[PDB]
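A.B. asks: Sequence, then structure. It's an experimental one.
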Amino acid sequence: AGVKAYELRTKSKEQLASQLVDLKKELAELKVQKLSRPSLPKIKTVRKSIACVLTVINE
Amino acid sequence: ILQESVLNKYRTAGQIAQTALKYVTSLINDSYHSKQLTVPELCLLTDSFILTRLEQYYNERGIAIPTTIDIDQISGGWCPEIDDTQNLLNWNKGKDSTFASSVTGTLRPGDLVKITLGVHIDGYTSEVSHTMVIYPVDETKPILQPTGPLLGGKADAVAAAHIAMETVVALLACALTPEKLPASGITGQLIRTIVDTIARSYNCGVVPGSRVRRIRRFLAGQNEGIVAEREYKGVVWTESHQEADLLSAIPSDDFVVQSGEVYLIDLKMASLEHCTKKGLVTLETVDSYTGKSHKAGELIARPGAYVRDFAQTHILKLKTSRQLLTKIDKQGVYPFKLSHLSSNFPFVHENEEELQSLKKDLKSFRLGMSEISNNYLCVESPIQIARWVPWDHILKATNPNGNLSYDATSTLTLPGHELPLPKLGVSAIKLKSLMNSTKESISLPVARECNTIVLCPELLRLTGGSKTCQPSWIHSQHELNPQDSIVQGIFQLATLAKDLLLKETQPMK
Amino acid sequence: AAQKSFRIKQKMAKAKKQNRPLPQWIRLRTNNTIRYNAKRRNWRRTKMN
Amino acid sequence: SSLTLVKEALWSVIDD
Amino acid sequence: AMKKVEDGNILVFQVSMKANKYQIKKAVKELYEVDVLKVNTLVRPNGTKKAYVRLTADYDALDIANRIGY
Amino acid sequence: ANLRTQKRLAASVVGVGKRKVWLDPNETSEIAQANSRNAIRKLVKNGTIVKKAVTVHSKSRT
Amino acid sequence: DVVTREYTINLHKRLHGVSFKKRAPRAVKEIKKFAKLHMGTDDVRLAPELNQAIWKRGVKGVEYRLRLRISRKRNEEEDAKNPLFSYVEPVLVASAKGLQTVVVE
Amino acid sequence: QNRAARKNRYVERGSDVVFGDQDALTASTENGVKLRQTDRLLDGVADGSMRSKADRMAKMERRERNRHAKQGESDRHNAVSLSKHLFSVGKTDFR
RNA sequence: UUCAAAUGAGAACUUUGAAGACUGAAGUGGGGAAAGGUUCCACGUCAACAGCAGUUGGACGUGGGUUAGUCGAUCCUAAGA
């Protein structure tokens, strides 16, 4: 799951920055759950979506 | 023993519940059907009302069950606070349209609302509940009785609930007389038989949590899943009974009901208009963790009710937590919210500043409850959704160790060492795995009816009545198969009740 | 000591995070040769310089 | 082999 | 940490090793919309950085703790 | 049981050494429940833990 | 069977020629021996007061004569061997000289 | 004494009648940890049957080290085959 | 060194209390430098270790814990590099 690079390549710069901020907020929201529960796999997907967005921006 | 002191306490505990039920059913029609209050706003207002009523009459006294409003999938547990309304949104923000009613607080049309509550005085308690239904309005009509009856599986569910309720009422009325019963004297065998054939006629299965049982002082069955007991006579319908009926403690044989006793009825019917097949009806818990999965059908929430295990003790480091524990143990063994424990909660007058006062107190109480819960002093009463599993996945399953799988990091122990279906050697953990392990993640809608009765010669029904739980008129089908033993007996019972004597307590104005 | 340098403290922190036994979900793995931690350390047995 | 027999009977009941 | 909240109106965060008190102040003020009185920092034995953040009396740490989730 | 921590904390609270402080052996579970200096103070005031006044050193002869 | 009696014991002849740092524990063992002889039960419970009476003048100053009250009793335990046990207490008196043993109500 | 004794006796609250006999709600965890405490050994393993499997395996492999009498999984004192000083009128190297 | 009780399957060795002694302010005390590195504290807890024992432990398993404008480093220079 997560975002798609071919979808992001159509988007604009500001949309991408907003999406990045939203993903960072979601990751922070997950890291307060991670201290109560040991296993929480969604964090992998969002943490890789951030990297995909940054790759597209640098491209 | 049923003394005058006992039974008038039961009466004055019951009719408070009755008038509070009328209050809620008042308010909801005021809000939606009439020319708009949310669920958590209804709940604390109802509890305020109940305590304001309790003050007038009468040392241990209060709310056994905090008012629970289930909607369309939830078997039990939904009763949130005002703290949690934005949390519910920003948790379930990415999910799909289902559970929108419970998430937002605004109720929709065709939404099956199961209300339940209870009140207790000196340990003598009375529970009640009612499945009502929303249906849109008539605008061209002058009186505007709202338009359309219900038709589908929810209608099935409501019908089975009401009919099972009246039939078991009549059975426990004939418990007084060893006569006035069609031989087609009384036992949990007979009870389970008639309710199961009603469920099978209406194509709505029985939920595992439902039961009918005895009551004693301070020992009703308010929890029924957390705390244990040796002396418990009564009937339940769980997955073990489901598999046994497919094939062919809570003992059912050495159980014949007697005079001078108080009983609780609590029936839950989950409808099957789709599903296509034979399958199991189990329960799944709702956690506050968005991150355990990706699927959108899941609900994300936090239960509001707690219960404290007075057997354990542990000094807290935190002043707020110790004060909140004082406030808790000065209350009783029944479940409670954080709003119940406060300074301004009954709302003698009601405004926004008092609600704000309560919200600040809640912000402190959650900090206290953090430490009170990290140590195993209080626990949550879980939020359970009914979920359907076909037998195909279960029979094709692979469980490399049966009867030995705990779940080991389930916190309560009693829902852990369950073994719902000993045959096939599957436990709750692997059953959860299989329930999740399928795109047939079909969740069922459920209808609920709860009453309290006492047997003296008459049946004194401390709840229910026609003022209370008159059914929303509907249009169902599969209306009760004739041409069997048991159906003849049930119809004879319904006709013969009109003479047997059923006394019913009225609400307070 | 007690007036450490950050280099020494960083090495100490690595040693603390290493000072554990082996998790149990590694025993249960397909083709698992590992049965214990052979690079385990204790302040009294071996010194890490 | 009790699980064999009960699963056989259960298949029998669910298939019809 | 939970006791320090009601004690001194103080939050407790784990932060970056590359960070400092100015950045921590700015970050809390940006994320959670609060004024900060002082920050105190230590480096834990497990290699991370812990920061106690005292808020002004205008803003209450209970609200932020409820807003986060813990 | 093991009231070592409790003896230590009671000494540190009352402001004396462990050789002085006294734990009544009958209220053992009530003392063992305590894991905090506030609880030790409660036990100090209620009469479960006392102070054991000083061993004398007289100077009449001197 | 259940009986209480006063006795007096001469510790001088029992500790004659004993190390100073062993004299008092030897007095304890000899009192247990005394009770076992007279009553005929192996389990013997001294009182801390009797221990104080032995250890009052330190290891090497125990009194030459002591006055004891030996009380045989039932064992109320779940189940044990030695269904009876002896319980020794001290008698604090002017001086143990010039006395003989007598049964007590 | 009778004033005090009549003030002494109790009313037998419902907390007692429920939870006097009963106990062991939220039974004994293994490592004596709280609800939120991060147990590394057993976070990954969910179920108790495989938990016991792993524990039995560890007890099975502990044995050859416990036979050699190590202080744990960290005592790896390695003894030489022979020491030179132990084999050797005037100055001698030991007394 | 001893007595009773508690805990526990089990107590010469653990905990509390009751006694008897010792270090005797150039201490068997209270703090620090170098060195060590979590050994500190809590909860569970006995397979191996503590040359007897062990319910105990600087052991084993899991966590918690070290907050500085004023204490220090940082700066200055010394022999020197």
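C.D. replies: Happy to help now that I have it. Numbering: from 1, shown residues only, chains lettered A, B, ... in the order given.
A.B. asks: Chain F: strands as residue ranges?
C.D. replies: F:22-23, F:49-50 (DSSP state E).
A.B. asks: Show me the residue sitting in the middle of chain H in space.
C.D. replies: Chain H has residue H:31 as the residue nearest its centroid, 7.4 Å off, counting by C-alpha atoms, centre = their mean.
A.B. asks: Make sure it is indeed in a helix.
C.D. replies: No. Applying DSSP: H, G, I helix; E, B strand; the rest coil, one finds residue H:31 to be coil, outside a helix.
A.B. asks: Give the closest residue to it in space, chain neighbours not counted.
C.D. replies: residue H:39 (5.5 Å; C-beta to C-beta, 6 or more residues apart in numbering or on different chains). The C-beta positions use only the backbone N, C-alpha and C, and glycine is treated the same way.
A.B. asks: which SS class is that neighbour?
C.D. replies: coil.
A.B. asks: So what's the residue count around it?
C.D. replies: 14 (other C-beta atoms under 10 Å in any protein chain shown).
A.B. asks: That one and residue H:51 touch, don't they?
C.D. replies: No. Residue H:39 sits out of contact with residue H:51 when judged by C-beta atoms under 8 Å, with a separation of 11.0 Å.
A.B. asks: Mind listing what's buried along stretch A:25-37?
C.D. replies: Residues A:26-27, A:29-30, A:33, A:36 are the ones in stretch A:25-37 that count as buried (16 or more other C-beta atoms under 10 Å in any protein chain shown).
A.B. asks: what's the burial count for the residue in chain F positioned nearest to chain A?
C.D. replies: Minimum separation of chain F from chain A (C-beta to the nearest C-beta) falls at residue F:35, amounting to 23.3 Å. Applying other C-beta under 10 Å, we find 14 residues neighbouring residue F:35.
A.B. asks: mind listing what it touches?
C.D. replies: Contact analysis of residue F:35 by C-beta atoms under 8 Å, 6 or more residues apart in numbering or on different chains lists B:315, F:5.
A.B. asks: Over to residue A:46: give its phi and psi.
C.D. replies: For residue A:46, the backbone dihedrals (degrees, to the nearest 10) come out as phi -70, psi -40.
A.B. asks: doesn't residue A:22 make contact with it?
C.D. replies: No. At 9.6 Å, residue A:46 and residue A:22 do not qualify as touching, with contact defined as C-beta under 8 Å.
A.B. asks: Counting neighbours around each, name which of these two comes out higher.
C.D. replies: More crowded of residue A:46 and residue A:22, by other C-beta under 10 Å: residue A:46, with 20 against 12.
A.B. asks: Okay, the more buried one and residue H:78: tell me how far apart.
C.D. replies: 48 Å (C-beta to C-beta, to the nearest Å).
A.B. asks: one step back: please identify the deepest-packed of the strands of chain F.
C.D. replies: strand F:49-50 (a mean of 20; mean count of other C-beta atoms under 10 Å in any protein chain shown).
A.B. asks: Neighbouring strands - and their directions - for that strand?
C.D. replies: Strand F:49-50 sits in its sheet next to strand F:22-23 (antiparallel), going by DSSP bridges.
A.B. asks: do the strand it pairs with and RNA strand I meet?
C.D. replies: Yes. Judged by C-beta under 7 Å from any atom of the strand, strand F:22-23 and RNA strand I are in contact via F:22-23.
A.B. asks: Identify the residues contacting that strand?
C.D. replies: So strand F:22-23 is contacted by F:3, F:6-7, F:10, F:31, F:48-52 (C-beta under 8 Å, 6+ apart).
A.B. asks: Which members of these are positioned in helices?
C.D. replies: Those of the contacts of strand F:22-23 mapping onto helices are F:6-7, F:10, F:31, per DSSP state H.
A.B. asks: Among those residues, which one lies nearest to chain E?
C.D. replies: Once C-beta to the nearest C-beta is applied, the member of the ones in helices among the contacts of strand F:22-23 that ends up nearest chain E is residue F:6, at 20.9 Å.
A.B. asks: quick one: the closest one and residue F:32 touch, right?
C.D. replies: Yes. With contact defined as C-beta under 8 Å, residue F:6 reaches residue F:32; the gap is 7.2 Å.
A.B. asks: who has more neighbours, those two?
C.D. replies: A count of neighbours by other C-beta under 10 Å puts residue F:6 above the other of residue F:6 and residue F:32, at 21 against 14.
A.B. asks: need the contact list for the spatially closest residue to that one that is not a sequence neighbour.
C.D. replies: The shortest distance from residue F:6 to any non-neighbouring residue, by C-beta to C-beta, 6+ apart, is to residue F:31 (5.4 Å). Shown in contact with residue F:31 (C-beta under 8 Å, 6+ apart): F:3, F:6, F:23, F:43, F:48-49.
A.B. asks: Perfect, I'm done here.
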